[PDB]
Structures are given as C-alpha cells and as structure tokens.
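Asker: Any chance you can model this:
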Amino acid sequence: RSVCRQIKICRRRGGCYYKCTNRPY
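Answerer: Residues are numbered from 1 along each chain as shown. Coordinates below:
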C-alpha cells in the first residue's frame with residue numbers, strides 16, 4: 001500500500017478525480 005494523501009487532482013482534458021499525491025511529509 002502507500003502512505004500518501006488524496007487530492008482532488010484536475011486535468012486540462014479528461015477531468016478531476018481523487019489522486020494519492022504523496023507530498024514529502
């Protein structure tokens with residue numbers, strides 16, 4: 001599994017969703 005946090009990732013084409021981004025924390 002991972003140890004990231006979910007963000008409302010958005011695109012220019014396609015749309016937005018829940019992405020585990022993983023910020024260096």
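Asker: The spatially most central residue of the chain sits in which helix or strand?
Answerer: By C-alpha atoms, centre = their mean, the chain has its centre lying nearest to residue 19, at 2.4 Å. Remark: residue 19 resides in strand 17-20, with elements defined by DSSP states H and E.
Asker: show me the contacts for the residue nearest to residue 2 when sequence neighbours are not counted.
Answerer: If you skip the residues right next to it in sequence, residue 2 has residue 20 as its closest partner in space, 5.4 Å away by C-beta to C-beta, 6 or more residues apart in numbering. Heads up, the C-betas are built off the backbone N, CA and C, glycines and all. For residue 20, the contacting residues are 2, 4, 5, 6, by C-beta atoms under 8 Å, 6 or more residues apart in numbering.
Asker: how about the strands in this protein?
Answerer: Under the criterion DSSP state E, the chain contains strands at 6-9, 17-20.
Asker: what distance separates the first one from the centre of its chain?
Answerer: Put simply, strand 6-9 sits 4 Å off its chain's centre (C-alpha atoms, centre = their mean, to the nearest Å).
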